Structures are given as C-alpha cells and as structure tokens.
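**Q** One structure coming up, written as structure tokens, with questions to follow.
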Amino acid sequence: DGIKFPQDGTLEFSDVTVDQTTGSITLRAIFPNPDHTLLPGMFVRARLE
Amino acid sequence: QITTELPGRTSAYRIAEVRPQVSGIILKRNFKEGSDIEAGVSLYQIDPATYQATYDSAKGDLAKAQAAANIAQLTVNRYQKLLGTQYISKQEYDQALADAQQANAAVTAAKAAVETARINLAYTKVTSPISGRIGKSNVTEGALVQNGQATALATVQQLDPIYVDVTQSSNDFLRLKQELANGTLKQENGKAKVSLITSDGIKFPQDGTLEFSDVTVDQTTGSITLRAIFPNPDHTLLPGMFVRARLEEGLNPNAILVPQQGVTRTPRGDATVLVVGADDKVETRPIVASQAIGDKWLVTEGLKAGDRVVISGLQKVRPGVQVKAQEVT
Amino acid sequence: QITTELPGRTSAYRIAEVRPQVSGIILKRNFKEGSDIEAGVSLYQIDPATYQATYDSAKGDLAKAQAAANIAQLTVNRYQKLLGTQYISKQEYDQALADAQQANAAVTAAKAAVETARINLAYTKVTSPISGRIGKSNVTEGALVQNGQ
C-alpha cells in the first residue's frame, strides 16, 4: 500500500553467487515482527543505506 | 455490517483414499459401489497364501517355545518340591529358575512374532479406515496391487459437514486487520458468519461459520486462504464445486448512507450532492461515494452528521436559489 | 544520503514441514488448525500395532538376558566366599568372573536394542519439532503415510 513499516531491520549478507537466469544477487535482512503485520511470502520494497 | 464476496471451492469433511498395505493379486470385491460404508468393514480380498505360510511358520515357532517353557516349568516345580528338606543343592534350584525365566522370555518373543504375522495377514483384508460413502472402484478383480502404491483403490468421503475454502487477497486481509486494530471496526462474539451463493445464485438456506485464517501467502497470485464449515443435512452441496462466499467483517457504527437519487455523478467520475444550508439555500458539495449498498451510496468523506440534503426534484432546483425544503420519510 | 530500493520477498525465521518418520495409517488428529503450538506436542497418531509388537519382542529379549546375568552373578558371588579360604582354584573363579562380565555385556546390548525399539515406537506420536503457528492439515484421518514421504 506504500505505508512505511513502523519498525526497522538490519542487513546480514548471505548469498554471494550470481543467478544464471536472473543475473542478480540476493541480499538477506532480518526484521522484528511482534505484531504479525507481515506474513511469509508477501511482496515488499526494501530501502538500504 | 460490511461483507466481502470471495470465490472458493468446497471440499469433504473427511476423505480417505484406500491404498493396499500389502502386495498381491485381488480375488474379490466385498462392497457394492455407491453405498454407505461403516468403519472396519472389509472392502477387498488380496491373495493371502504367502502371508498364510508366514503365519503358520510363526505358529510353529510359538509351539516350540511353549513346549520348552512347559518342560522348564515342570523341572522347576519338581526341584522346588525337593528343596524343602535340602535334598538338592540351592545352585541347581537357581539354575532351574533361570532356565524357566529364559524359556518364558522366549515364549514372549514368539508371541510377539505371531502377533506381527497376524497383523500382516489381516492387512490383506482391506478395511475402510473411516465411515462415509464409497464411490467407484478404480481397480477390479484380477488386478495386481503393491504395498503402499500411489494409485488409490477407492475413496471414502464424509458429506456432512462440508468445508469451503475461499481465497482472499493479502492486501485486503492486512487492511482489515489494521482497521480492526485501529477501532473503526467492531467484531462481535466469536467466529465470523459466512453465507453462501451457489452456482445458480441461490442463497444457501443455512449460514456457515469461518475459522482458521491462514498465514502463508501464495506466491503466484498474492493471496491467502480462508476456511469455513457448512453443515450439509440434505446433501445439496458436493465437494469440488465453485461457490461464492459472503463473509462478514464486523460493524462500522459511523456509516453514512445517501439515497442514489440525490447524488449527481460527472462523466469523469466525481460525485456531488445538493445540501440545504441554514439560509434556506442549496449548495453543491463534492463527496466520495465508492461502495453502493443496495440503492444507498456509502459516503466516506465530504459530509457530516445532521447535514440536510435534497433527494427529489433535483432538476427543479438550481444552486444559489432560496428553496423551501421539507422532510420526507 | 545514497539509498537503493529493491524488490523482496519475506520468509519465516523457522519453517518445519511435519513429515512421518514411520509408515502406517492415521487414526486421530490432535490439534486445531490456525493455532499457536508448543514443541514436543503430539500432532497425529499413527497405527502402533507392529511397533508395539516389536517393542514387546525387545522387552522379552531383555528379560531373558537379565535372567542369564542374574544367575551368572549369583554363581560369582557364591564362588567369591569360597575363594577366601583357598577351597576353590583361581581358574574356576576367573572363568566365573568372565562369564558374569559377558552376561552383563549381553544385557547392555539388549538394553540398546530396547532403546531403539522405544524410539521407533515413539516416532508414531508425530511431535512438532518447533513451536509456532501451524496451518491446515494436508491429510486427514484414514490417510496412509509412508516413511519419509
């Protein structure tokens, strides 16, 4: 919906290889979810620094 | 009360597919197709010859162990009778006691082997695990089967009650949860009530109830699944059909309903209403009315409680003109 | 400040797919879908008949081994008292001690076998490996489940 998620997470890089059919690298971040306001599988947009 | 219409599919309360626990060739079918089946009633008859031989071997081993235990017990009794007046050594009595205990343990092991042989032999008499109604037989007499194959011999399903699995988008679920948390929505009692619309559009005579809101999200579409349970006394619902569910999500005690005959919509989409001011003048005010309940538009913004607006004779009234306005029920 | 915006998908911290460790048929379901559950709580109930028979056989073998060990220990204890006054040769005492030790080792082996049988029997009570939210049941009562499907 475009609403900023109230809490903040941190970044733990995990995957260094490059996929063959996507040509992209996957970055892993961890977030606290106490309210259960995000479920496993949904689509999100992450802004890094 | 706000209701959401969602698509879904029905499913059986309890469905069991019959698979053979042993390997062999079928000889007979003991049930008639399309009939009600009680639990534990034998369905098929696989060839028991090999399992019969195994059972006989187990019985023979059990008999041998029993004979050994019998002779050990006889010797123990006689030695115990001797021991009263110290006519035999205590070591001999202890040895006899140990021999009897070992023979009894061997008898127990033989009994366990006989029990597992009996279980395997009775597995051939295929028994329906649950009650219900049995359908077509995917195999007939003379067809080979194997232990734990993927192809089911038959299916037994319970048609009362019935499950309805409907699909709800994740965004709607999240916004409803946020609205409930904020306080604009008031859930009541317990599980939400769900009504049904069949393929013909007929409202189901009974209203079901929802439970088990799922948490995983489908990747391909982006939606979660909801489950409701409908009692089915007359078997008017069969598993697998396509149904529409009207799902209630609480109460909104601030709804503003405006009759659709008193709002004007521009071709691009904007909507305006002719309010009547305190100066007996009419003023056009824009409003946001997206959802329509029956013939009443649900106003979300642009109107306040007690605002007094025209519903009839719109073509007879122009803005800025002093008009007598009369309340009409 | 330089920032990058990327698409992404969420995932659970710990996801466990409950799978059967033993073959058999399901008789009961001991949980309600869509509810938080603890660890070690039994979820299903597979048919234990064959595993119960195996457990009984193992216990019987253990009892036999224990009886043999008991009689060997009694003989050793009886010989020990006579050893003090030089009325039994040391060879016989050594042989009896060896027999007792062998019987004790056999008892240990039987205990290991019965422990394996107990573990296999307890596998039927399908236990949740972790604590968390559980969804629907892909199988119901009466289904047949194979080992490690």
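By convention here, the chains of the structure tokens are called A, B, ... in the order presented, each chain's residues are numbered starting at 1, and ligands are numbered starting at 1 in the order presented.
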For the alpha helix (DSSP H) assignment from backbone DSSP, which residues of region 170-271 of chain B qualify? Please present them as a PyMOL selection string.
**A** chain B and resi 170-182
**Q** Env of residue 18 (chain C): 8 Å cut, atoms = only C-alpha atoms, seq-sep filter 2 positions within chain, self excluded. Answer as a PDB file with N, CA and C atoms, in the first residue's frame.
**A**
ATOM      1  N   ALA C  16       9.067 -25.563   9.500  1.00  0.00           N
ATOM      2  CA  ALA C  16       9.237 -27.004   9.602  1.00  0.00           C
ATOM      3  C   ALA C  16       8.079 -27.695   8.904  1.00  0.00           C
ATOM      4  N   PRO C  20       6.187 -37.820   8.319  1.00  0.00           N
ATOM      5  CA  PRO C  20       6.128 -39.031   9.148  1.00  0.00           C
ATOM      6  C   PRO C  20       7.466 -39.757   9.151  1.00  0.00           C
ATOM      7  N   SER C 128       5.630 -32.056  17.111  1.00  0.00           N
ATOM      8  CA  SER C 128       6.038 -30.840  16.424  1.00  0.00           C
ATOM      9  C   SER C 128       7.483 -30.520  16.780  1.00  0.00           C
ATOM     10  N   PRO C 129       8.386 -30.416  15.803  1.00  0.00           N
ATOM     11  CA  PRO C 129       9.795 -30.170  16.141  1.00  0.00           C
ATOM     12  C   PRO C 129      10.046 -28.804  16.753  1.00  0.00           C
TER      13      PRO C 129
END
**Q** Taking only C-alpha atoms into account, report as an MDAnalysis selection string which residues of chain C lie within 7 Å of chain A.
**A** chainID C and resid 2:12
**Q** Within 9 Å of chain A, which residues of chain B are there when counting only C-alpha atoms? Please give them as a ChimeraX atom specification.
**A** /B:170-171,174,177-178,215-219,222-223
**Q** Skipping near chain neighbours, those fewer than 3 positions away, what residues fall within 10 Å of residue 160 (chain B) using only C-alpha atoms, listed as a tab-separated table (two decimals) with N, CA and C atoms, in the first residue's frame?
**A**
chain	number	residue	atom	x	y	z
B	12	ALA	N	-14.53	-32.11	1.08
B	12	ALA	CA	-15.14	-33.04	2.02
B	12	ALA	C	-14.60	-32.82	3.43
B	13	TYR	N	-15.44	-33.15	4.42
B	13	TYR	CA	-15.02	-33.04	5.81
B	13	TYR	C	-13.88	-34.00	6.12
B	14	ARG	N	-14.06	-35.28	5.78
B	14	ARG	CA	-13.04	-36.30	5.99
B	14	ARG	C	-13.02	-37.20	4.76
B	132	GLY	N	-18.50	-43.48	5.82
B	132	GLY	CA	-18.83	-42.49	4.81
B	132	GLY	C	-19.60	-43.12	3.68
B	157	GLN	N	-15.58	-40.64	1.57
B	157	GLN	CA	-15.67	-39.26	1.99
B	157	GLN	C	-16.93	-39.02	2.80
B	163	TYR	N	-16.45	-28.45	3.99
B	163	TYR	CA	-15.55	-27.31	4.07
B	163	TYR	C	-15.69	-26.45	2.83
B	229	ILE	N	-17.00	-23.70	7.50
B	229	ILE	CA	-17.62	-25.01	7.65
B	229	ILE	C	-19.13	-24.84	7.55
B	230	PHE	N	-19.75	-25.65	6.69
B	230	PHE	CA	-21.19	-25.59	6.44
B	230	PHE	C	-21.79	-26.95	6.73
B	231	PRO	N	-22.71	-27.08	7.69
B	231	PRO	CA	-23.46	-28.33	7.81
B	231	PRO	C	-24.29	-28.58	6.56
B	232	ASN	N	-24.33	-29.84	6.14
B	232	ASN	CA	-24.95	-30.24	4.87
B	232	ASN	C	-25.91	-31.39	5.14
B	233	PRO	N	-27.11	-31.09	5.64
B	233	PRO	CA	-28.03	-32.18	6.01
B	233	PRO	C	-28.68	-32.86	4.82
B	234	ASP	N	-29.01	-32.12	3.76
B	234	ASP	CA	-29.73	-32.68	2.62
B	234	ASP	C	-28.82	-33.03	1.46
B	235	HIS	N	-27.51	-32.99	1.66
B	235	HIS	CA	-26.53	-33.30	0.61
B	235	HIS	C	-26.75	-32.45	-0.64
B	237	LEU	N	-24.84	-29.89	-1.33
B	237	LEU	CA	-23.52	-29.43	-1.72
B	237	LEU	C	-22.60	-30.63	-1.88
B	238	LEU	N	-21.92	-30.70	-3.02
B	238	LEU	CA	-20.98	-31.78	-3.29
B	238	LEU	C	-19.56	-31.23	-3.34
**Q** When you get a sec, could you note down which chain C residues fall within 7 Å of chain B, using only C-alpha atoms, as a PyMOL selection string?
**A** chain C and resi 33-34+50+53-54+56-57+60-61+63-64+67-68+71+135+140-143
**Q** For each of B:295, B:256, B:150, B:320, take the minimum atom-to-atom distance to residue 307 (chain B), counting only C-alpha atoms, then give the residue where this is smallest.
**A**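 Closest candidate: B:256.
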